[PDB]
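Methodologically, a virtual Cβ is constructed for each residue, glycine included, from the backbone with ideal geometry; neighbour enumeration extends over all protein chains shown. What follows draws every value from the coordinates through simple rules; no lab data is involved.
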């Protein structure tokens, strides 16, 4: 492991560490909810 | 070391092993010796 590090360097092994996992995903399929709140904000704040 | 191997593969660490060492070098600076043996071989074997 010392020899492998000697060739590749310090940053390469540390940055190659895994990140992605299947449980942290977030899905936004709602327009219906966000469109309603979007309109009432326009309606109340109307100036121009 | 298992994670590092997982990324890079099996062949990469094994082929990257060191080879060169300063003590195995071989120097041929002699023409004077090799030219003499070269001529006598011609002289004896002359046909054409």
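Looking at chain B, the helices (runs of 4 or more DSSP H) lying wholly inside it that each contain 2 or more residues that are more than 30 Å from residue A:15 (Cα to Cα) sit at B:32-45.
Residues in region B:6-24 that are more than 14 Å from residue A:17 (Cβ to Cβ) and surrounded by 12 or more Cβ atoms within 10 Å (Cβ to Cβ) were compared, and the one that is farthest from the other protein chains (Cβ to nearest Cβ) is B:12.
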